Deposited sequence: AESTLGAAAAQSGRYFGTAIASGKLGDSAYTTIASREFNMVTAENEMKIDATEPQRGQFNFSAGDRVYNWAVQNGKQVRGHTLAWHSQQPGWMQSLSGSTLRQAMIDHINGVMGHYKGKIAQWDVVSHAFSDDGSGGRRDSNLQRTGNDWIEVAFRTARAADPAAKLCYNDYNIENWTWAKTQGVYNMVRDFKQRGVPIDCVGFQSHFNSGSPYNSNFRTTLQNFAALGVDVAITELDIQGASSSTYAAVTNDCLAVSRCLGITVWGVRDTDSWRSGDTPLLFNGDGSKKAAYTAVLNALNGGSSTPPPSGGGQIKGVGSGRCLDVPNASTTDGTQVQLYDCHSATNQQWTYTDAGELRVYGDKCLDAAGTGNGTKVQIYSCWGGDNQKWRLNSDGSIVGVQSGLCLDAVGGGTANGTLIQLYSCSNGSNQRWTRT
């Protein structure tokens, strides 16, 4: 299987997951995409401390189970998130400290893991344990104040509670190998493995943006941790701007590491993202697949002019015009600039540098032309493996009008038919 993310990842023994919000399980558009595309689920908030133990000793798995059941019922495994960390703690726990806190932490772990014993693939036992101050040390938290050994204690407690779950340490900004935070975690995990502390995986949240950008050395980081004898997982991936290239690079980084279990993107549609402003996911609010989706799928499936297969002619802007609204056509292939198209990370097909292949509408017969680039979804395109080029907004295929093949044949949008007049090759 290779038309969906999860199925494609499965080809190499991995998974492709997302974060599920219980409040959206009633949204048909949401669940249609989620159930179809992913085979691993993480509760976005339903399994956190405050949600699972609102009152000390008073556990509530209502929201957590709703997500877990939806996942398993729809063929997805589940990553437990999260058992012990400083954020989103319930009121009662926030007012705790010292030995009473340590005991509360242990009790919480036993209660939650006990409830899901044997049903969880991976548990983010501890997360956000390190600081961003650049020192490479632990962050000052109620948990940390109970003693530096709290992390180790949490893992040992977890192993005993559910020996079948892979136990991960999860954090952010630990992707770039040169960062001090990354080294602090690396040193901790190494020490743990040397002393026999039960840790099976390290989760890299992968929340990339211009503030903490993706760097190719992320693969090295994954490989270095893998070499320590633990599995690695990309747990909450989202990329500011959703560059097709960056999304493909991250996907390939996991595929290049034997120990990388899989990749989870933090949400389904940009509208469901905790950072919608950064439009960091693989699907748009209207549910359309972004160019990034195609890039990720292509990667999971095993990794200039635009020539029409059926006509043998190239996508051409009539008389090298630069006028907005000029409908494109088929023409004998040559080296002029009016036949050179660049596919950008934003999914555009540019010509002349600042002009974009543009759909003047959404229905069949819609004119395909050039127009000033501005970021519209009607200027976004998906270059599919079968040679088809689909408009993001319309969901229709680039089509040579009436199957025409002669110079001057115009280009339009039309329901995809896999016809020769809808297949294109770049050469």
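Numbering the deposited sequence from 1, one finds a lone region with no C-alpha coordinates, namely 304-312.
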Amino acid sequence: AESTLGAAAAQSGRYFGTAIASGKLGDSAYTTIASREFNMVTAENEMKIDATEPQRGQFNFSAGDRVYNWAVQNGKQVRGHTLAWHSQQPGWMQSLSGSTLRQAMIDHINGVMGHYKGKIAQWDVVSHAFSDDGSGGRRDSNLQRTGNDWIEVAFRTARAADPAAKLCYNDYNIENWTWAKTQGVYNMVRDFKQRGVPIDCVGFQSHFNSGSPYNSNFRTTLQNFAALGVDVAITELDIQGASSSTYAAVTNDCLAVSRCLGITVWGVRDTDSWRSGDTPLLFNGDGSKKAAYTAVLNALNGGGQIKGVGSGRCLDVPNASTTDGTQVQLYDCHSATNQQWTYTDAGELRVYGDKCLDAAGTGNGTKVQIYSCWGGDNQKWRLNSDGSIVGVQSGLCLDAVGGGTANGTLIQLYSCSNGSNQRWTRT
From here on, numbers count along this sequence of modelled residues.
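Per the PDB record, of the two stretches 138-146 and 81-89, 138-146 carries the greater mean B-factor over its C-alpha atoms. The deposited model assigns a higher average Cα B-factor to 188-196 than to the other stretch when 188-196 and 216-224 are compared. Per the deposited record, 62 carries the highest C-alpha B-factor of all listed residues (393, 28, 39, 62). When the C-alpha B-factors of 262, 303, 229, 347 are read from the PDB record, the largest value belongs to 303. Annotation for residue 400: C-alpha temperature factor in the middle third relative to the rest of the modelled chain, per the entry. Residue-level temperature factors show residue 10 in the lowest third of its chain, judged at the C-alpha atom.
Per-chain ranking of the deposited C-alpha B factor places residue 380 in the lowest third. In the PDB entry, residue 425 places in the highest third of its chain by CA B-factor.
Per the PDB record, residue ranking by Cα B-factor puts residue 121 in the middle third of the chain.
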